[PDB]
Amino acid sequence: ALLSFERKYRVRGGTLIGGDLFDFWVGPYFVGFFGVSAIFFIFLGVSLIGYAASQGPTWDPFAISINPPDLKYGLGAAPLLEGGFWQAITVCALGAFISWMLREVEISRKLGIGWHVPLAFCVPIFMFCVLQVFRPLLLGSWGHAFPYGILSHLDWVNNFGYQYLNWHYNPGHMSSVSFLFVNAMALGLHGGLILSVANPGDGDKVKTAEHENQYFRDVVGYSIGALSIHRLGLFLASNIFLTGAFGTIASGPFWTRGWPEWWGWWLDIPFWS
């Protein structure tokens, strides 16, 4: 039930709210107040999903879609089957995510370690808000949000993109993609390197911190360091959405033309026109 080393850590305390009342574990899972709210919402959200999805035609998982209302309902409450479900499921989603997040804080507190993971987790929640709440508010209808369906949310991404002719030239998107791609490369680099040191092959000795530094000084002329490559990755990953959020938000509220034309600001400097 308990890892070899677990018991010495399972002490009361660290709660954000509730104190002793829910301060306990079920199996491996810590519960705590937010574990309890988390579950409440998950159960709600998932229930609406099933009740809504039953009203629809399909039960094929790829095809099921719970979508938002028509643009006409604006920012108001929409009939259940015509966006009502979607508005409710969205509220359960936020409840779930934020509970998940606050719950991580209580676990962090209890182990006397920094709260960096719940913080890092704020970014994805943020970007979910930019897509489903902030941008719909700025544009004035919940209808602009994305549908809850494995495939359908892609058809939304697809159209949203082509509304602006070529979404690729969106300077926010460009920056966003660039972090997605480095982050991925660096996770490969950082994992490969740690394994390369601890797993030299045949029967050779596990190597050293000094090696790590040498390999990257040799290969690319700079090694960032053990502590720092974790501070970089948290940064690279986080800026996928933190910069992306700008390209998403600008689209409609601040720019209504194709994105290629935005580059007019450069191409059209009269000096070289």
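For every residue, the number given is its place in the sequence shown, counted from 1.
Q: Using the B-factors recorded in the PDB entry, average over the C-alpha atoms of 58 to 66 and of 230 to 238, then report which stretch comes out higher.
A: Per the PDB entry, the higher value belongs to 58 to 66.
Q: Mind pulling up the entry and telling me whether 219 to 227 or 244 to 252 has the higher mean Cα temperature factor?
A: The deposited B-factors put 219 to 227 ahead on the C-alpha mean.
Q: Among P118, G203, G143, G95, where is the Cα temperature factor highest, going by the PDB entry?
A: By C-alpha B-factor in the record, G203 ranks first.
Q: Could you tell me which one of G76, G149, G84, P124 shows the highest CA temperature factor in the PDB record?
A: Answer for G76, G149, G84, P124: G76, with the highest C-alpha B-factor.
Q: When the deposited Cα B-factors of this chain's modelled residues are ordered and cut into thirds, is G14 in the lowest, the middle or the highest one?
A: CA B-factor rank for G14: lowest third.
Q: Which third of the chain does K72 land in by C-alpha B-factor: lowest, middle or highest?
A: For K72, whose C-alpha B-factor we compare with every modelled residue in the chain, the answer is the highest third.
Q: Looking at the entry's B-factor column for C-alpha atoms only, identify whether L80 ranks in the lowest, middle or highest third of its chain.
A: Highest third of the chain for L80's C-alpha B-factor.
Q: Select lowest, middle or highest to describe the third in which the CA B-factor of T208 falls within its chain in this entry.
A: As the PDB entry reports it, the C-alpha B-factor of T208 lands in the middle third of its chain.
Q: Please rank the C-alpha B-factors of the chain's modelled residues and tell me whether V91 sits in the lowest, middle or highest third.
A: CA B-factor rank for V91: highest third.
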